[PDB]
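# below you'll find the sequence and an experimental structure to go with it.
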Amino acid sequence: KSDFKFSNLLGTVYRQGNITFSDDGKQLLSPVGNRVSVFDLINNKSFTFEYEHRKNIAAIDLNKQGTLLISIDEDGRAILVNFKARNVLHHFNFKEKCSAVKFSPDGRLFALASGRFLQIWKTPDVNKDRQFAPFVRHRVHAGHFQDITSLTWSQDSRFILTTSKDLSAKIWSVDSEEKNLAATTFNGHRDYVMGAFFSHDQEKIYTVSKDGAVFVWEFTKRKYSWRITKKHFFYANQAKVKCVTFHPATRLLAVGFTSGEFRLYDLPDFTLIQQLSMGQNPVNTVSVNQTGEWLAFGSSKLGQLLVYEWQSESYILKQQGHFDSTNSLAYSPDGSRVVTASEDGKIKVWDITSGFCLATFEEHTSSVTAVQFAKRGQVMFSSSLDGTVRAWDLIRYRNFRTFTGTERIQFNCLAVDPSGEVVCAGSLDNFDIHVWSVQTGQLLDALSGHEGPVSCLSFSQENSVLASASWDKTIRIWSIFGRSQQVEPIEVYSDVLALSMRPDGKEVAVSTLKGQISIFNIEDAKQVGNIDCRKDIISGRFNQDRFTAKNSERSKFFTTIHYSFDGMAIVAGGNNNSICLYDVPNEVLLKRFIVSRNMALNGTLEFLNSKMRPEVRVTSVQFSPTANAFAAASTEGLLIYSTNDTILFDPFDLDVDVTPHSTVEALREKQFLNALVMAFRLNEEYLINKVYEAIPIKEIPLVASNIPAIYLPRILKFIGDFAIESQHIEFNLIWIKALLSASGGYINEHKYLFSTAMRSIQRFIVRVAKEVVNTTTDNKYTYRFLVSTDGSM
Amino acid sequence: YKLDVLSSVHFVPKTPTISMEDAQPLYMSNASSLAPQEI
Amino acid sequence: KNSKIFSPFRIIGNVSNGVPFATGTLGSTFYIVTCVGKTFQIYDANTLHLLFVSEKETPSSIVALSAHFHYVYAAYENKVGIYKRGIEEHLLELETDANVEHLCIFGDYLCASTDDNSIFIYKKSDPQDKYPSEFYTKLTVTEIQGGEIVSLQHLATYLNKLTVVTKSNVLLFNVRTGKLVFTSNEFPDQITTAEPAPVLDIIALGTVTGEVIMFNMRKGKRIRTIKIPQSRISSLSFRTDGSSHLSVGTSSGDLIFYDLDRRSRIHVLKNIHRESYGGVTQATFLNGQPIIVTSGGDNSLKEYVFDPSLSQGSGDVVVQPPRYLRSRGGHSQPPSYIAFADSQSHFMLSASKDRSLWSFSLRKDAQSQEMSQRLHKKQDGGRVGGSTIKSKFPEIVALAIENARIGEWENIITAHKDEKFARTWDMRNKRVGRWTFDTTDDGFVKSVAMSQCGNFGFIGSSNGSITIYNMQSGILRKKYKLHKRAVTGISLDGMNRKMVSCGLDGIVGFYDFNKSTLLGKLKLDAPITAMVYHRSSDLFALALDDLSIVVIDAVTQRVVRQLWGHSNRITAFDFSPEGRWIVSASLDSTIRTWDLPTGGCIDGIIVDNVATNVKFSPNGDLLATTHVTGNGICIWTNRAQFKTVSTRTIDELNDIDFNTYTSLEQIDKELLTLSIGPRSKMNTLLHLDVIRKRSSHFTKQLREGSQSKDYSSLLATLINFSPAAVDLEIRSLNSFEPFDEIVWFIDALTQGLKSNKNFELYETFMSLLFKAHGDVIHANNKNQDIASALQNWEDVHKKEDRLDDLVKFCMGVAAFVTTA
Amino acid sequence: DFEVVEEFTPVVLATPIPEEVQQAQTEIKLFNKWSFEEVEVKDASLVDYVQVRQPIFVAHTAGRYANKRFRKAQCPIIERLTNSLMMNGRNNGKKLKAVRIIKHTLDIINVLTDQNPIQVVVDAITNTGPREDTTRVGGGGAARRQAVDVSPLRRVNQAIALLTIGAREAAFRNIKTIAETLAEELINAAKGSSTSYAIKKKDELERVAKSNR
Amino acid sequence: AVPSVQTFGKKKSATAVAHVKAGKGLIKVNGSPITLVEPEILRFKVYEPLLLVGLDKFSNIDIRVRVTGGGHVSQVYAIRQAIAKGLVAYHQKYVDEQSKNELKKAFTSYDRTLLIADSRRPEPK
RNA sequence: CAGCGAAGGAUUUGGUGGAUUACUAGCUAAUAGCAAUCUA
């Protein structure tokens, strides 16, 4: 239950730093703020590393074995991570701002540009155990006079070519015996040298500067001593070079400027292969694939990330995120994608597994305040500060409906019908609730009776009663449908922000400004029970303010709460860097999550070092409708916290004779039901999978009819989280058919137990199985046409 | 932008062939996403 | 015994052990290299930060260590190791079996004295290299010439000579010619220390009766004598900043300061270190500086500074006494209890037999701080009792930290040796708290716990009664009386709903906590000594008296595992943070790891000291053990955080031993099965034209499969290559005169989807065929070969409606069951 | 065995509190006399409409029960009896007089039938409420009645109404008062004696429904 | 100098100010004890803040209530509201928060009108 | 007054030291030198 771990970070495909590819360039590693995201672009998936720098990261490299990563932040706190185990190996503090870090091509050394010293360390093994000091220093060279801007290793890991703000570039041999081969310095640029590369044969050296000159250096005679043979110029007048890279094998120089324009050249002849623009913001990063076919560009101001193949002129992806400006989120009615309403005025529909945005919608001319799904993922409603609620078909991607009032107000929250006839929206300057029909477009009603700004709205999903709650310290329940026009006001102790509604519509949980979460019975309007949450809230100290984090009244309350789908838990977040979840029977804190440890954000540290910034805040929390997770719209992105059953041995009434050995003996002796319930009492995912695949098709329905009723949600949620990605489609559908036929009355009379295990199953039937069935159906009908009709002339 | 950035609490940030069209919706590989009534 | 889960990382909390440290000087800064057992540690003397720790543990204890500029020379059992930045550069094996026990380094020479009164000289090869490396000669101090060698020094400007300080004599060797230049007269008492003065050719000798001699090593006389009666002299140091002071260090822990110019005694720092641990073991002035670094055997390293004089004209006669400056320290006695302060594995609480509670940092050793015992004020306003001569609290039996409400109120609850109340502490302030919870039955505190709401603390007395206090306000809330003998374990649920107590009468009581009922009581077969509650999985483990570990869950109150194998009393145990393993340690000098899923012993370590405490980190990072000897905390890292270990039992289905199940490729040949690959490949193939608008071997294998009537290699190549390659191979298939390549592809897809594997890909390959050149198939429809190939493709493909009505049933009934 | 200590000093206050008042902190009884546990509703379909599961100290809960439809199904049935007792033009508003005569009638119910008077009044409700009734199917005014069933809230409503107005007319000009006539009415309705106005009226309504069923 | 706490209890036009401080255990309404609060049939309406939570909460504190306005039943409802939320506020400020929200849970399970009145009315239908 | 109460108790304040981010040493013209010195 409560054992959530940080899974993913949706939104924000790039923040600051350098993009890296893999060696077999399938994944790309992107520095999001202090995490690192890794997007696998072929196997369409994505993860974010769990570890966390304390400032924004500025350098990334992983060796070409793929086996370990090193990430340096913007004051030199390096972190060495095991890339396969996903666990951090060492924390090493270089003392000043490191501009670049690079592993050697042979993997065994890495070097980095810390200030004006090039320092080469040698890589610790991944097979060795963790030591107190795993890095052993090779050397530290100081020949530059100002800060080094770039490294480049040679093809053999033998020379290293560094570029500085000082107007030179230098070549250093790795070992001392080749010191005479590499002792030259390369002058002649008017500005900062942005890059210095070898050719494929390491005979020519190209040095690209900030003003726009690329110099070709050759070991010629005018003795032989590294002349400059040709200077080529970009002649981009106002713009200047922001990032350079070179693929030496395909002779491809890729250059991004401070105007969004990037050009890519075939270098020793200097012929413009292509020139095109990311946008208007500067191109902060260029990176290239190992085969040189993909170019990943990152612009840091809008947080955007291209990877673009330059042969077939086409963008593998275009993915722009939102730093700090995200007002709301909503899970799709199957937990496959999250819709994000963001303050720059747009809707963005992010896939969860593959961490990318599918569609974006810009028809609001101001900050979109709320999104909400309806009609089972077919329609999606959003309300913004420009005065409009509007509806979005997620099939034809059209804004088909726009609802305004008559009073020119700005809407801050909405709520739709279950049977989506009516949308409803509340403002923070009008004290009314606006009730629109969705079929026609008209303003059906204006509900009046709050004496304070309507902070939150929610329709009960079962009996369709409206619950609004406002800053006049009052939650209010409106019976709209069918001749009632009934109003029931429940007073509460302080002013309310974030009401939420149970999945059965029985109760409503409100968050108040005191710091509490009160839970009320709707039909008999009396309080069922409250949680006192203002003492398990982490409220950090800002830098500008002159009052301690203990005595602050800034963020000791929750501005967004949400029920779990079994109705038993509440996740909650606010303008603080803790999100807390509770179980509402016992009113006790299950777990508290620190949403950021970035010291670049403001409200993170409670105690500031006695030796504006974007504050940290969560603006919306939601539980996943299909699989045991929650998304939180922080300032860093959409933090996705999820459990997984691979770890955490948590049995269910095992005894001493219940053992993996006992389970495989019962499987080998083919008591299949006993093996299945032994694996359920182990609650071990590999054992459940092993027994599940070992049961034959002949006796799926006998086992599925004899499964005990306490192990029913376990086998249903297992079949869901297995069958989304497993290939055994007919096996999983046979099991689903046998379970629904044998015990599908228990499910119907215990709806909210199997409310997230059944939504995960019909995330498998309509999303892989129905697509396959559509393909075979179209093949059958094209066959019947192509052989049944007359093609003659 | 500038009047509502100073009238607020929380922080607000601010020819070649193509500007790559980085922001673009409608795409789960949809081509004829029009309505049958629209057609 | 080497392990396969945990590997040794460091032993934290150690600063010194009373080997005389060495000082070294890089440029104008100073470092201080102190021995901690078998490693040394380099400290930055301007701030006492831990720069370096030696990379490997030496095979025995380091016994004499010196430091020139970049290099540190550490002598242990037989040999001298030359270390730079911790990493060992060289190892000088001596040709003896005698233990090397002194050394000096001057010039190209390293001179190492053994304990059989032989001296080994080692020489550099060429005077430009970094350390003395080659053997040169051997010197011997026989019984005629002098006693046991008590020090080995080189006083300056002495061209390749060596002052050897024996117990009675002072010899002077020429170490190039191997000669004994000068042997002094005898000394009437045994001399223990020596230090060269910054005066030219003067050494200072310290005797076992109380006198400092100032021997002039060129005249052969003694210049002056300083008498400190009944004090054995253990250190000598000289001030070198224009103030001629000497600092002697006395093995009753005293540091006495003398003016040599005006022959007075400046000041005495009394009890600067403990006499019982050796007194002041090494004291030295950082040269040119008024700061002196002392170190003692009580695991402590201090600095004292001389402020400038307070009289603006006299100065030299009004010498302000030395004051204290920075210091590092740890426990002076081996720790008795261990806990982790937080889930981040950053701080760990640690209580010792020297009656101190330290908070040690696993990230940076400067952050280690002693929790203060300065009591608060009484709540009413009455007087607090106790002695006026303040001493530390009795040594800590148990403790329990739960930082849910940290900074808010009292946070740690701790139980001391043979006293009837449990103190509280605040980890945020790092100090004691306002409350001492009584037991209310005149019994000593045998266990403590506290809930994870942070509101409640639980005291378990030796007369068998649990008392539940409030941590905020410090008052009795409830009191359960079930046991009659001593309650050794209390814990509570993560939801404050069921508590579990275990006493050494061998009954585990299960109580409801909100209601004050008991849910049950289970009688085991031995007295229970210790409980550990794994709180997420609700499984608690008991160390019984019959040397078993009983793992029992609190939900259904059954013994669910029973782990046998320990040969003596189980000292400690702890759960893995995921709750899969349990690591125990017992008085047979062993540490075992048990996989309680399978119920067997994964790994065992025979460790020479008995491990008295074992704690996992609250993440899966580290194991922390605590042994009988050694003032620190031994730290291990689990290698199973980076690899996966086999849960296969030691003594003295490889996927099921490695907890995996690689899902088999297809379960039955009559079952449809998708590809082992991404699900999106079907959609990419079916719509890759509009996707991009929004953004040969094949022919030879096809022909060879048409010969052999087996297209398995063709279909393997098709399932292998990429969507652009698939479209470009299907789009070029010779659709013109006899139509062979089309019909070979069609009955290849027939042979493919007869096999019920990769069938969504075979379906899209047929869709791509009909899309690319289904117009030529429609054109020469009624052609015999292509019509028969499509006929048998439909013959196999018409058995695909099993999937259709299967997903129709699942969709319709799932919708009906969910909605209605 | 096992015992919990949860007070650690005998509680004494400076204001002296009566011994039965400080005995009332272990169980809530109506008027500190009549226990609410082991008071069951011996007829199902009326449990969840006669409410005896939140014990009270006096029949004067000033809560608001007339602003949703079935919210008066969880007013405690002693207070519903009290509120129905304070109705006519003479005795409107006088809830303290109604509470005082409810206290007197429960005292004399217990002194006549030595059993729990809350159990007696709950049995009187569940025996009085009619289980069938007739509506007048109109046809423009064709005088024909059709038997309908009757919902449990209407059964509890009409039960309290029949009992209270039977006590009024039984106390109309006899020597007995409203408290004594209501006691006789609740006792006879509890045992179901057919000597009460209330269950004679129930038997007439049910018999007419049986007639023109 | 003393830890003290002031709360308010209101029904229609009665209003009751309750001062709670540490003491010996005396509960006094309008100077007279709590066992004199007429109309004597609603004395248990006044008592139920004491009997719902036990007199061991009141064994260490002394309350005084000053009640003006209203009528008989409005004054007993003001008294019980003032006593209840005064005990809650005292255990908030000077005793632990766990006993604070245990008291809030007990009073709210009995009736939350001990802690929150029904104040602004009517409804214009 | 009672009570609390070990060769005393309370309040206030100045200075210094250690933490307030996760520990790979100083200098320079830096593949090494110096640190007693870079200069003939």
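Looks like it came in fine. Residues are numbered from 1 along each chain as shown, chains lettered A, B, ... in the order given.
# would you mind writing the CA trace of stretch C:113-129 as CSV?
Extracted in CSV, the C-alpha atoms of stretch C:113-129 (Å, rounded to 0.1, in the frame of the first residue of the first chain):
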residue,chain,number,x,y,z
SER,C,113,64.4,0.8,14.2
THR,C,114,63.1,-2.7,15.1
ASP,C,115,62.6,-4.0,18.6
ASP,C,116,65.7,-6.2,18.6
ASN,C,117,67.8,-2.9,18.7
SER,C,118,68.7,-3.1,15.0
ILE,C,119,68.3,-0.1,12.7
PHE,C,120,67.6,-0.5,9.0
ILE,C,121,68.8,2.3,6.7
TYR,C,122,67.2,2.7,3.3
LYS,C,123,68.5,5.0,0.5
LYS,C,124,67.1,6.7,-2.5
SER,C,125,68.5,5.5,-5.8
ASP,C,126,69.1,8.9,-7.4
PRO,C,127,68.5,12.0,-5.2
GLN,C,128,65.7,13.3,-7.5
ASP,C,129,63.2,10.6,-6.7
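# contacts for it?
Stretch C:113-129 has contacts (Cβ atoms under 8 Å, 6 or more residues apart in numbering or on different chains) with C:80, C:92, C:94-96, C:98-103, C:108-112, C:131-142, C:148-149, C:152, C:162, C:164, C:173, C:175. All C-beta atoms are positioned from the backbone trio N, CA, C, and that covers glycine.
# just the buried ones from the residues you listed?
C:80, C:92, C:94, C:99-103, C:108-112, C:131-133, C:136, C:139, C:141, C:149, C:152, C:162, C:164, C:173, C:175 (16 or more other Cβ atoms under 10 Å in any protein chain shown).
# out of the residues you listed, which are close to chain B?
With the criterion set as Cβ under 8 Å from any Cβ of the partner chain, no member of the buried ones among the contacts of stretch C:113-129 is near chain B.
# out of these, name the ones that lie in strands.
Those of the buried ones among the contacts of stretch C:113-129 mapping onto strands are C:80, C:92, C:100-103, C:109-112, C:136, C:139, C:149, C:152, C:162, C:164, C:173, per DSSP state E.
# what residues does residue 100 make contact with?
In the absence of a named chain, this looks at chain A. A:18, A:59, A:112-113, A:148-151.
# think we crossed wires, I meant chain D
So residue D:100 contacts residue E:41 (Cβ under 8 Å, 6+ apart).
# that one sits in which helix or strand?
helix D:95-112 (DSSP states H and E).
# and residue C:157, how many neighbours?
Neighbourhood size, residue C:157 [other Cβ atoms under 10 Å in any protein chain shown]: 8.
# now the one 3 residues further on
Other residues within reach of residue C:160, judged by other Cβ under 10 Å, total 15.
# that one is in contact with residue C:178, isn't it?
No: judged on Cβ atoms under 8 Å, residue C:160 makes no contact with residue C:178 at a distance of 10.8 Å.
# quick check: longest helix of chain E.
Using DSSP state H to define each element, chain E has its longest helix at helix E:72-93.
# what residues does chain C have near chain D?
Residues of chain C lying close to chain D by Cβ under 8 Å from any Cβ are C:440, C:476-482, C:509, C:516, C:518, C:521.
# pull the most distant pair out of those.
Comparing every pair within the residues of chain C next to chain D by Cβ to Cβ identifies C:476 and C:521 as the most remote, at 23.7 Å.
# surely residue C:15 is in contact with residue C:330?
Yes: taking contacts as Cβ under 8 Å, residue C:15 lies within contact range of residue C:330: 5.3 Å.
# tell me the most packed of the residues of chain C next to chain D, by neighbour count.
In terms of neighbour count, residue C:480 stands highest of these at 26 neighbours, by other Cβ under 10 Å.
# before we move on, the earlier item: which one of the residues of chain C next to chain D is nearest residue B:35?
residue C:516 (66.5 Å).
# follow-up on the earlier one: which one of the residues of chain C next to chain D is nearest to chain B?
Comparing the residues of chain C next to chain D against chain B with Cβ to the nearest Cβ picks out residue C:477 as the nearest, at 42.6 Å.
# work out for me the element that closest one sits within.
Secondary structure (DSSP H and E) places residue C:477 in strand C:476-481.
# against which helices or strands is that strand packed?
Counting contacts by 3 or more Cβ pairs under 8 Å, 6 or more residues apart in numbering or on different chains; DSSP states H and E, strand C:476-481 packs against strand C:466-470, strand D:3-5.
# spell out for me which residue occupies the centre of chain B.
residue B:23 (5.1 Å; Cα atoms, centre = their mean).
# from memory it sits against residue A:319, does it?
No: at 10.0 Å, residue B:23 does not count as touching residue A:319 under the criterion of Cβ under 8 Å.
# please identify every residue contacting each of residue C:15 and residue C:330.
C:299-300.
# in chain E, which residue sits nearest RNA strand F?
Going by Cβ to the nearest atom of the strand, RNA strand F is nearest to residue E:24 of chain E, at 13.1 Å.
# any idea how far chain C is from that residue?
Per Cβ to the nearest Cβ, to the nearest Å, residue E:24 is found 15 Å from chain C.
# find the nearest non-adjacent residue to residue A:502, please.
Leaving aside its sequence neighbours, residue A:502 sits nearest to residue A:567 (Cβ to Cβ, 6 or more residues apart in numbering or on different chains; 5.1 Å).
# sorry, wrong one. I was asking about residue D:134.
residue D:145 (3.9 Å).
# what's the burial count for that neighbour?
15.
# for it, which three-state class applies?
strand (DSSP: H, G, I helix; E, B strand; the rest coil).
# residues in contact with it?
So residue D:145 contacts D:134-137, D:208, D:212 (Cβ under 8 Å, 6+ apart).
# and if you look at residue A:428?
Per Cβ under 8 Å, 6+ apart, neighbours of residue A:428: A:410, A:412, A:453-455.
# cool, thanks, talk later.
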